[PDB]
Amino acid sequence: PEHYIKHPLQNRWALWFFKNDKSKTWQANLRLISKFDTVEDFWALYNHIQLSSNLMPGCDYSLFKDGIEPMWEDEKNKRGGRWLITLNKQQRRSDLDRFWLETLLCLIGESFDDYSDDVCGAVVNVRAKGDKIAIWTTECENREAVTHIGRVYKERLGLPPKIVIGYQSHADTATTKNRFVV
């Protein structure tokens, strides 16, 4: 219970926003919002922006490590993939916001041990057809890392053993099969 020091995070993080505008190219619709590197600065940003459940369909938030843009094209994403949590419309009210926050805490908390280095970031897609949350990792052939991340993330989300989540390569998503499953 400290009195004046802030609590530094392992990494500096950038929050990005995406606004659906079909008259533009996909990457022109990405806006960098803010960056932070302490627990206090995280909460101050979180408390000052809308819950994902209140965004317009077509919008995203992404939290990525500083220097990694939330796009396949980035050098740290092009060889990577994502652990995908899919939700229907009717779970928006009940699950979206608490899953998304849990995902933020796994990122900024460095909850995957050594393998947190493989984490690039996370994305929440709010969509009329069904929302998605995912953790993007740097290298889909780092089997030990990808598998430990997904096992721990499913546990942290608190999902039943009989709901199975999948890991997709971005190369496959661009052109989806799963490389791993948990």
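In this text, the rigid core denotes the largest set of C-alpha atoms whose superposition between the two forms falls within 1.5 Å. In this text, residue numbers run from 1 along the sequence as written.
For the pair 49-57 and 33-41, rigid core superposition yields a higher RMS C-alpha distance in 7 other deposited structures of this protein in 49-57. Once the rigid core is used to overlay the structures in 7 other deposited structures of this protein, the stretch among 153-161 and 23-31 whose CA atoms lie farther from this form is 23-31. Per the records, residue 176 is among the residues left out by at least a third of the other compared entries, whereas the shown structure includes it. The modelled chain breaks between residue 175 and residue 176, where 4 to 9 residues of the deposited sequence lack coordinates. Between 12-20 and 156-164, it is 156-164 that carries the larger average Cα temperature factor according to the deposited entry. If you average the C-alpha B-factors over 29-37 and over 61-69, the higher value belongs to 29-37. In this structure the maximum Cα B-factor among 135, 56, 51, 146 is found at 56.
Among 77, 91, 103, 111, the highest C-alpha B-factor in the deposited entry belongs to 91. The entry lists a Cα temperature factor for residue 87 that places it in the highest third of the chain's modelled residues. Looking at the C-alpha B-factors along this chain, the one for residue 130 belongs to the highest third. In the PDB entry, residue 123 places in the lowest third of its chain by CA B-factor. Among the modelled residues of its chain, residue 45 has a C-alpha B-factor that falls in the lowest third, as given in the PDB entry.
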